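Note sheet for the following structure.
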Amino acid sequence: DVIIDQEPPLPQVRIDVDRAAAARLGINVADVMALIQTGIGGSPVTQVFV
Amino acid sequence: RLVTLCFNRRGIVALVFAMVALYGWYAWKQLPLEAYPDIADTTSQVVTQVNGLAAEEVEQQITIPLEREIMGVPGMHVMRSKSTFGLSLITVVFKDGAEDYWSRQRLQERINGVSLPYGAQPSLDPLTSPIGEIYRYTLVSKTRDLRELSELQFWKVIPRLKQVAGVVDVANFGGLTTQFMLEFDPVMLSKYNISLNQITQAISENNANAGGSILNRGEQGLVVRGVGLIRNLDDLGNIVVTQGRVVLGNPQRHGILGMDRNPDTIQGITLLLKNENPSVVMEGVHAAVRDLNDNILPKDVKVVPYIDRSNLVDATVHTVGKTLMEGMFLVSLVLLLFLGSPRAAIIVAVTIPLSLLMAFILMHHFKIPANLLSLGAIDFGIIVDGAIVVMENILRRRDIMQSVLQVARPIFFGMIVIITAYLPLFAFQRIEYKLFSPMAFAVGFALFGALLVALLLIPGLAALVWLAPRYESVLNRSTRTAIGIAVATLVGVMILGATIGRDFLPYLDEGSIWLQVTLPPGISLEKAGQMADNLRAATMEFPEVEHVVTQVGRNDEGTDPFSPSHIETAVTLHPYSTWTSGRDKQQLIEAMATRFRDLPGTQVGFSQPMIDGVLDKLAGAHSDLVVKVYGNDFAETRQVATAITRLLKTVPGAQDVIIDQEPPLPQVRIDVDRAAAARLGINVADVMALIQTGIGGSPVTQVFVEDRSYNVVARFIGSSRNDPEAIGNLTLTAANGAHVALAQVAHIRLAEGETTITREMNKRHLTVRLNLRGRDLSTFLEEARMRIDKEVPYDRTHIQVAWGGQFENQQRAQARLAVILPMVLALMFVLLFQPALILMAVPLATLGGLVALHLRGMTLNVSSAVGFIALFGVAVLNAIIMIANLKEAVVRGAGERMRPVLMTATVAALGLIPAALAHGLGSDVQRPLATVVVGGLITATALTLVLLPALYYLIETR
Amino acid sequence: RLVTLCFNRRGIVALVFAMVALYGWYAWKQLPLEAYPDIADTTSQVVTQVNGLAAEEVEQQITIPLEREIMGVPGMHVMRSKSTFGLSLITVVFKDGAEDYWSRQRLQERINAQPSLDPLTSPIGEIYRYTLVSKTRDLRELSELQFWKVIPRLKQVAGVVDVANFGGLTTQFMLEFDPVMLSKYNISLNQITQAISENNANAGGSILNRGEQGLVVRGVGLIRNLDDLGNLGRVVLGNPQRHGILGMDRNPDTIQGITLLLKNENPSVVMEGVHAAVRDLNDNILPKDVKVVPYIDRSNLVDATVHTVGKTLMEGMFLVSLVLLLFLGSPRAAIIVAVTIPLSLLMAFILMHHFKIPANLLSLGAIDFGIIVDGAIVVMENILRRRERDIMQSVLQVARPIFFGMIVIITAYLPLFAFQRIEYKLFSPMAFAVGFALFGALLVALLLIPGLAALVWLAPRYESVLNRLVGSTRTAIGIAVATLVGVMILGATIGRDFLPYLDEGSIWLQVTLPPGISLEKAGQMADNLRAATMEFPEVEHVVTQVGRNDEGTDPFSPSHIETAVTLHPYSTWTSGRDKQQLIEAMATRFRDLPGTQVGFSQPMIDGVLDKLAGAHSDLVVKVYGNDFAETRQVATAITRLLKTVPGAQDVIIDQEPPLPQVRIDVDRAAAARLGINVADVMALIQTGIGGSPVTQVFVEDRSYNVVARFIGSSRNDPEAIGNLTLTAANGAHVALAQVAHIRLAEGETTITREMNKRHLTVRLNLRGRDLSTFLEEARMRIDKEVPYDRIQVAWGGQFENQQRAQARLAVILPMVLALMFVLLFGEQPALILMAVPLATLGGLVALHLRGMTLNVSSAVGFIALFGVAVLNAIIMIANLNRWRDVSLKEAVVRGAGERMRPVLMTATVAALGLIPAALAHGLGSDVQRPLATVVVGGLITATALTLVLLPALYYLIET
Amino acid sequence: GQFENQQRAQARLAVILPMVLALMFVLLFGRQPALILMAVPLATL
Ligand SMILES: [Zn+2]
């Protein structure tokens, strides 16, 4: 048996942030990262107990 | 016993003895080489590295919480701490018998779970000994700059060296770390309404990538990436908070490292992991360095060491080897001259090397270091003695198993008594154990070996004309005058013994010299740099110095509390057999000391690297002796210590004397007016933020580049915080939202404060360092300790002037020494069970050692004590043999036994003769054993064949 | 064998024995003193402390998952846990052999809420209890003295792991809000606290240069005093709601410390350094008329123990020598055979010095001495009588029965290493000491001794009864067989325990009070309790610890008290009252203080009782089940039942009843229609009502919490709470009772989970009667109830101790008789083996004599008795069988009739060395008296059957 | 992979086999011991 262990490069949808734009638009890249991590990604907010 | 049957096993027993010898050599191969044993005890420091704070704010908020939460760790022996410019440094040293990792465990149990205000993270120092600094180097380059060299240091060199097993960490000094500096002009700060903290909590934000997990398309799942990470400075300059300068930079410098005409360079210190073997690791760091210079580093940038432990290792191997070689050579030569026959001479000679392998194998299989210092002091001429008698019988008998079985019993007896006296060397612990125990081990093992060889192989191996009857005359040559000479010479040993020095270490010369250089208080890094430069100028004038390196200030780790006013100087030398000059060693130190007294503002203390380390970890400060001045008030203790400093400076024994703690430095103290800020709507927090960030310059966030990381820092612009007026001009933002200069709500003044606070078990003191050079410890401490505690103005807040250094060290050492020494007497008295006179044949050698010591102006240190142990061990065998062979009975043995007695007294006091020669690194410890043993043996032998037989005819007949 | 070279080695063996003498004295001078062996097992507890929080938001999510992960720690044996207001504390006890730091490390690993580890100390580590006394100083001043002087000092004593404070007053800075001026001001408690907290910092500006100088910049904003705080309501000094209260002789409110002996360190040794510390405090540090004065001091117990053991060993010594003197007639021989005792002792210390074996005074007191010389006195008897030139011609006659007899007493003394835990820790140094000293007795009697060179009527009386043995086969074997069952049904009626009372210096109390009681009322009840305890002439001091302390290693409420009762020296007891009778006078008295339920124990043993079973009592009954109400019901049953049994003295339910709590739930939809967060409410309760500390002001090396909380009578009752206001989203005040159900609801006070089972504990003491018969009766009466099931019920405490001890006895017994018969093989052996019941008779009639039971101590006693008894049997049968091998019947009076003196002599010295150990008068004799009784009684009725039934046995069997 | 241990094991056998082939040489002591020691290859066949 013979195979390359590492899986080949997979596609990603990459959301880079244009600095100069959000600058000339008055926006923080933190806002975007929260948009992704929470809005797109979906981080847990708190812990419910039963 | 087995002497009977071993004879018929000649071939067989020879064969195994070859095989054993093989395993002998093999055992020597896998044997750890120590040129300088781990003298240090088991210690551990805890480091709290607050960035930008001053002493009063560091002692009360960290050193007090830590000491509160530490003092009861299972293992403590001494506990000290130093609080300084943004550093709580708590040194703990454990009792003798505590394992390192165990101790670090208990400690680390007690240090965590705390709560340190300014985000302070109490970590632990790397697991290493004072003598662990094994490889000091520097990055050289004609073309590249210090920033680039620093980058190489941080991202390639130190990492690579860290890959070497046995290397616990690599300590950096000098160079320039790179910050992303952001210069805020405070004018447009309280103009756009929002102030510092708004920025530093905004620019801290927009630099944290986002992961969006998996997004599905068809049968594929693409992970989502949000790249919101501040990269280059242009990604930085374009950041907004509402609708200033941006440059590469460096934090204010902890230290500056200098060298031969090189003011600003960079060094690494390779920290050996505790217990791991120096040379073994050294191979690794060597390969690593070569790999760096030849492959990793850019060509034109070379790693160049200036202190390497393997140098001392080579010097030691050379010297010790030379000693053993000359020893065995001289022993074989005297064997030739005293036997005549080369065959028998060689027969007895091979008892030496064979036994070594028999000693090695026992040390190897049961975990004993091949300590070179406690090996060069081996005698050889003591080993062969058993075999020698087995010869002296047989050769002077012309079967042979009968004479060998005859002399066997008086040899097993002699074996014990000589292998017994060495047993007390196992008593003393601490730093006098790691240095002399392997010697006694190797001797006992080589005595098991010597015995086995003499009784189970030696038999199987099958101008004096004026010296003979001259002795037969003096034998004939009065009981009152005899005991008169006996007692008188005895009081000779008592008087000459009572009048002698009492050191602890015979210096122990390393390759180089270490300096504790002390500059004026509260000076700038620049000025300190100038001064250090001039000191190196002054040092390089002497031709004996190879390289001179200065460390002003402190390394970036925090394992040293040092201010810019403090320098540590490494001074390397040329080989001693290469100096085109006439200077000695202490003469070189004295010369440098004279030259260094000619420079203004520079006080200089002399020591050596490893020993500076262990002296520090022992006393609490870097000097041979220290005088602690306990007290809760600083001014008082400083006054007392002033008196004690002048007082100790007085005595013609203390070569260096100075207070260890820097004076109260000045400081611009910005107090905050409470009632005013209240009457004006201002928060203390805002002021603190302005100071910490706008003046101090705290790093906002951190930027990544490849595998590298840098700190984005924001701070008020250049020419804005230059002086108290300017600082007072800086503004905040009230509830009115405009401008209020801190000069309206804060009292900004020039006060003074303590530089370092040396808390001692919650009993604050002030160290008074003192190095001695010339006078011993007893003659010195007599006058010193006499004068001091009787000239000091009691009492008030504490003020109990105590001592430290090799003081209690020597005290406990000698204490245990004289605890176990009389115990071995009765042990070697029941053995001799008549025993009274043989036991009384001991102080004969004493005066013999005393005359040679007095001759060479030495002292009664632990080394020479061991010398008297070997001496007392062997000098009794001659009595035993001149008694077993022995009113006219004197000539029944004396005239007969006179020949091997001299032969044993020649070979023993001739193996240590080349070990009585100075020069070369690695002889400093072994010499005082030689001075005792040889000189002792000469007189004690010259007397044992005179007063002892004249004492054997005065028994049970009077 | 080796007597040959020794006879010509007199001077040499003498000198070397002098050497072992010196090294023996030195060995004893380097041996640890243990008066009360670390009985405890390897245990450690984790403390998850949440300040001010109640008892269900502390167990639901804290104790449970922690119990899940921690249950899997290696070496775990028993896992208990308790959850309540303030905290969740989880106790873990490990298996034996589990090293401390190792275990604590595994625990610490697994627990990685803020769960911490308790100090590393044994339940008997509390070695020095004290109180700060003064006449002029106030409790706050004494509190600061405690906190910043005394404890920081005693913490320096090496071997002191920690010091536990109880009482006094921690000092804090606090503003007393009046929400009236919080109404239309729109600033919340959270903005108030974030503001008042964030402006407490001292920034540094690093280095600012000025020419050649470089000056550090110091910004100072650290708050220093309430003056700097004042820049509304009353801002003053104050103290947090009181932990517990500690009381003493008429003093209701003082302050105490508990010095905790670090695990596995020598108590007296550390007590030295503690004494140095305390002394230093009184002499030079503390203000005058402020003295740290102890009320419990382990040193006292060590004193009384070394006095008791010293007196015992001395009396035994002089009695044995009295026997030797009376017997041999020659004081010379008496002395030369007596000097085996000190020789062996010195020769046993060395072996304990190098094996690092401690010097248990409790077990060294139980050395027979007269059982050591039996290896030597038989030789002397065989020389100074039988022989009447060549000494070692006579020492060879009785040599074999001596080497083999003594290796038999050694192989018999051997299997004490079988049992583990407490019954091992108690009786282990004795086994070794006796072993080594026995081998020393062997090495002396046949070595150094050869180098050394009314009975009238007792003589022929013996000859007469021996002539009665001529015949009477069925009568002799009649006596034998009849007395066999005659003792088999005498030890069948004997009571069984696990160990005697073991008297310490004092008496400990687990005093239980009515539920929900305030700290003031609790304090008064304790005041009364203590005033009734002082109504006795024998009580030196009485200390109450009502409520909780500072650390949190106890989950106690004001309804809980632990009391320490110190006594006068028994020597000075004017009132004719036994200690047990003092205890029952105390119990009766306490059954006349209203609401005051009192558990009886001791300060050291109570701890190990608790760590072992669960609660602080000798016995417990655990009623398991996941339902609070029902388990408590069944527990009510078991309580009412057990408290009727004549053996059970105190009986209670360890878990306190549910209590009312004024409970504030939040109305979701209400605050959804008023725009309010539940967090605003919780802030109001935690900061405003609860009074959470906001920041931390520093003064010198001291520090204090700055707290913000509403003033008193603003949180007075549920109405007042509900009536104070909090702003909303519309920028206007809103009353609390508008969005939150403030009511009164009953909740649980304490939840105890053991082995992942909710249980309630019926704790009870065995005092009054027996253990075997008692537990038999009560446990039998338990099976009546147990209304299943929805619930399991178990017994615990010294019940398990009894079980393990008994099982170990049954394991050990046949193990020794194997080797014992094996050694007795060749040099038929069953004849000699059956000498054990002969000794068993006296060993059991003596227990009934003074009024005792059958504890592990007395068991070991029988293990000892068997040795000397079988030694006498061996000597008899050997000298008999060798003398001879009717003409054979003549040997029964010849080879046996002349063994009268050796046997009697041995059986006397071995039975008079333990007579002083059969004395009780003193602390430290409360474990020796069992072995003493068993041996002394079982040897004075064993010899009479060794010299009568035994020769007849030999004559009857060999034909 | 397994070749690290392959080499380790095999080389180890290449180390500690004369460890005994010299030990048995000496042990066997009735010249002739060589003859008795040649029993090894015959078995190896
Ligand atoms: Zn250093």
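How things are named: the first chain in the structure tokens is A, the next is B, and so on; residues count from 1 in each chain; ligands count from 1 in the order shown.
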Give one line per residue of chain B that approaches ligand 1 to at most 8 Å, naming the two atoms of the closest pair and their distance in Å to one decimal, counting only C-alpha atoms and all ligand atoms; sort by chain then ascending residue number and deliver it as JSON lines.
{"residue": "B:130", "atom": "CA", "partner": "ligand 1", "partner_atom_place_in_ligand_line": "1 (Zn)", "distance": 7.0}
{"residue": "B:560", "atom": "CA", "partner": "ligand 1", "partner_atom_place_in_ligand_line": "1 (Zn)", "distance": 7.9}
{"residue": "B:609", "atom": "CA", "partner": "ligand 1", "partner_atom_place_in_ligand_line": "1 (Zn)", "distance": 7.0}
{"residue": "B:610", "atom": "CA", "partner": "ligand 1", "partner_atom_place_in_ligand_line": "1 (Zn)", "distance": 8.0}
{"residue": "B:612", "atom": "CA", "partner": "ligand 1", "partner_atom_place_in_ligand_line": "1 (Zn)", "distance": 6.8}
{"residue": "B:613", "atom": "CA", "partner": "ligand 1", "partner_atom_place_in_ligand_line": "1 (Zn)", "distance": 5.3}
Quiz prompt | Counting only C-alpha atoms, chain B residues within 12 Å of chain A, as a PyMOL selection string | solution = chain B and resi 201-217+220-243
Quiz item: Which polymer residues have any atom within 9 Å of an atom of region 19-31 of chain D, counting only C-alpha atoms, with same-chain residues fewer than 3 positions away left out, as an MDAnalysis selection string?
Solution: (chainID B and resid 12 15:16 19) or (chainID D and resid 15:16 34:37)
Quiz item: In Å, with one decimal, what is the gap from CA of residue 19 (chain C) to CA of residue 309 (chain C)?
Solution: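 It comes out at 26.9 Å.
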Exercise. Using only C-alpha atoms, determine which residues lie at most 12 Å from residue 625 (chain C), disregarding the query and same-chain residues fewer than 5 positions distant; provide the list as a PyMOL selection string.
Key: chain C and resi 630-635+751-761+788-794
Go ahead and write the residues just picked, C-alpha atoms, as a PDB file, in the first residue's frame.
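Final file, again.pdb:
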ATOM      1  CA  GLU C 630     -38.041   9.956  51.492  1.00  0.00           C
ATOM      2  CA  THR C 631     -34.416   9.309  52.493  1.00  0.00           C
ATOM      3  CA  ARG C 632     -35.048  11.735  55.345  1.00  0.00           C
ATOM      4  CA  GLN C 633     -38.216   9.820  56.232  1.00  0.00           C
ATOM      5  CA  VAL C 634     -36.450   6.452  56.403  1.00  0.00           C
ATOM      6  CA  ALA C 635     -33.654   8.205  58.286  1.00  0.00           C
ATOM      7  CA  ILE C 751     -26.399  17.787  50.045  1.00  0.00           C
ATOM      8  CA  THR C 752     -24.058  14.857  50.683  1.00  0.00           C
ATOM      9  CA  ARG C 753     -23.139  12.587  47.763  1.00  0.00           C
ATOM     10  CA  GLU C 754     -20.988   9.494  48.377  1.00  0.00           C
ATOM     11  CA  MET C 755     -19.947   7.074  45.633  1.00  0.00           C
ATOM     12  CA  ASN C 756     -22.355   8.902  43.322  1.00  0.00           C
ATOM     13  CA  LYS C 757     -25.292   8.314  45.641  1.00  0.00           C
ATOM     14  CA  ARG C 758     -27.369  10.900  47.487  1.00  0.00           C
ATOM     15  CA  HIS C 759     -27.529   9.744  51.109  1.00  0.00           C
ATOM     16  CA  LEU C 760     -28.440  10.900  54.605  1.00  0.00           C
ATOM     17  CA  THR C 761     -26.330   9.944  57.599  1.00  0.00           C
ATOM     18  CA  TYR C 788     -38.536   0.061  49.851  1.00  0.00           C
ATOM     19  CA  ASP C 789     -37.908   1.389  47.329  1.00  0.00           C
ATOM     20  CA  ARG C 790     -38.799   4.222  44.927  1.00  0.00           C
ATOM     21  CA  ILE C 791     -33.319   3.286  48.685  1.00  0.00           C
ATOM     22  CA  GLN C 792     -30.456   1.309  50.237  1.00  0.00           C
ATOM     23  CA  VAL C 793     -29.136   1.338  53.805  1.00  0.00           C
ATOM     24  CA  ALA C 794     -25.601   0.554  54.999  1.00  0.00           C
TER      25      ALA C 794
END
As a PDB file with C-alpha atoms, in the first residue's frame, list the residues of region 152-350 of chain C assigned to strand (DSSP E) by DSSP on the backbone atoms of this structure.
ATOM      1  CA  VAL C 160       3.686  23.684  59.816  1.00  0.00           C
ATOM      2  CA  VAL C 161       1.679  23.383  56.630  1.00  0.00           C
ATOM      3  CA  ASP C 162      -0.905  26.009  57.613  1.00  0.00           C
ATOM      4  CA  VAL C 163      -2.680  27.818  60.449  1.00  0.00           C
ATOM      5  CA  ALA C 164      -6.473  27.923  60.734  1.00  0.00           C
ATOM      6  CA  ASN C 165      -8.147  31.038  62.143  1.00  0.00           C
ATOM      7  CA  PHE C 166     -11.559  31.044  63.826  1.00  0.00           C
ATOM      8  CA  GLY C 167     -13.285  34.070  65.313  1.00  0.00           C
ATOM      9  CA  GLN C 172     -13.167  46.033  55.430  1.00  0.00           C
ATOM     10  CA  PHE C 173     -13.915  49.455  53.957  1.00  0.00           C
ATOM     11  CA  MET C 174     -17.582  49.944  53.125  1.00  0.00           C
ATOM     12  CA  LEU C 175     -20.007  52.603  51.959  1.00  0.00           C
ATOM     13  CA  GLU C 176     -23.549  52.119  53.215  1.00  0.00           C
ATOM     14  CA  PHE C 177     -25.824  52.993  50.275  1.00  0.00           C
ATOM     15  CA  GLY C 204       4.646  53.464  36.127  1.00  0.00           C
ATOM     16  CA  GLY C 205       6.038  55.606  33.335  1.00  0.00           C
ATOM     17  CA  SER C 206       9.329  53.701  33.018  1.00  0.00           C
ATOM     18  CA  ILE C 207      12.527  55.702  32.571  1.00  0.00           C
ATOM     19  CA  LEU C 208      12.567  59.418  31.773  1.00  0.00           C
ATOM     20  CA  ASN C 209      16.001  60.885  31.132  1.00  0.00           C
ATOM     21  CA  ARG C 210      17.428  64.232  32.209  1.00  0.00           C
ATOM     22  CA  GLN C 213      20.391  60.717  34.914  1.00  0.00           C
ATOM     23  CA  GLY C 214      17.447  58.432  34.153  1.00  0.00           C
ATOM     24  CA  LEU C 215      14.593  58.768  36.629  1.00  0.00           C
ATOM     25  CA  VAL C 216      11.713  56.305  36.941  1.00  0.00           C
ATOM     26  CA  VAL C 217       8.213  57.767  36.684  1.00  0.00           C
ATOM     27  CA  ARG C 218       5.675  56.923  39.372  1.00  0.00           C
ATOM     28  CA  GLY C 219       1.975  57.550  39.014  1.00  0.00           C
ATOM     29  CA  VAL C 220       0.093  56.934  42.250  1.00  0.00           C
ATOM     30  CA  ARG C 234     -22.143  56.586  55.367  1.00  0.00           C
ATOM     31  CA  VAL C 235     -18.678  55.502  54.235  1.00  0.00           C
ATOM     32  CA  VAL C 236     -17.062  53.752  57.187  1.00  0.00           C
ATOM     33  CA  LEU C 237     -14.883  50.910  58.370  1.00  0.00           C
ATOM     34  CA  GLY C 238     -16.686  47.618  58.888  1.00  0.00           C
ATOM     35  CA  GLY C 244     -18.722  31.894  63.040  1.00  0.00           C
ATOM     36  CA  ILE C 245     -18.193  32.792  66.675  1.00  0.00           C
ATOM     37  CA  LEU C 246     -15.686  31.198  69.029  1.00  0.00           C
ATOM     38  CA  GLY C 247     -16.277  31.150  72.761  1.00  0.00           C
ATOM     39  CA  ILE C 255     -10.259  34.441  68.362  1.00  0.00           C
ATOM     40  CA  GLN C 256      -8.269  31.233  67.942  1.00  0.00           C
ATOM     41  CA  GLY C 257      -5.754  29.448  65.752  1.00  0.00           C
ATOM     42  CA  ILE C 258      -5.166  25.820  64.795  1.00  0.00           C
ATOM     43  CA  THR C 259      -1.585  24.784  64.007  1.00  0.00           C
ATOM     44  CA  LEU C 260      -1.742  22.148  61.304  1.00  0.00           C
ATOM     45  CA  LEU C 261       0.999  19.540  61.391  1.00  0.00           C
ATOM     46  CA  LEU C 262       2.279  18.959  57.855  1.00  0.00           C
ATOM     47  CA  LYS C 291      -0.534  36.793  74.976  1.00  0.00           C
ATOM     48  CA  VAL C 292      -0.945  33.773  72.731  1.00  0.00           C
ATOM     49  CA  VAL C 293      -2.052  31.066  75.125  1.00  0.00           C
ATOM     50  CA  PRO C 294      -2.655  27.424  74.177  1.00  0.00           C
ATOM     51  CA  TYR C 295      -5.476  25.192  75.408  1.00  0.00           C
ATOM     52  CA  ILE C 296      -4.509  22.104  73.456  1.00  0.00           C
ATOM     53  CA  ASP C 297      -0.829  21.295  73.038  1.00  0.00           C
TER      54      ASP C 297
END
Exercise. Could you tell me, as a PyMOL selection string, which residues of region 191-259 of chain B DSSP assigns to alpha helix (DSSP H) when given the backbone?
Key: chain B and resi 196-200+233-237
Quiz item: Contacts of region 878-893 of chain B at 10 Å or less, counting only C-alpha atoms, minus same-chain residues fewer than 2 places along, as a ChimeraX atom specification?
Solution: /B:389,407,410-411,413-414,417,472,475-476,832,834-835,837-842,874-876,895-898,900-902,904-905,940-941,944-945,948-955,957
Practice problem: Could you please select, counting only C-alpha atoms, the residues of chain B within 7 Å of chain C and state them as an MDAnalysis selection string? | Solution: chainID B and resid 52:54 57 60 64 71:72 522:524 527 666:672 674:675 678 683:685 688 691:692 695:696 722
Exercise. Skip residue 399 (chain C) itself and residues of its chain fewer than 4 positions away, then list as a PyMOL selection string all residues within 8 Å of it, counting only C-alpha atoms.
Key: chain C and resi 395+403+446
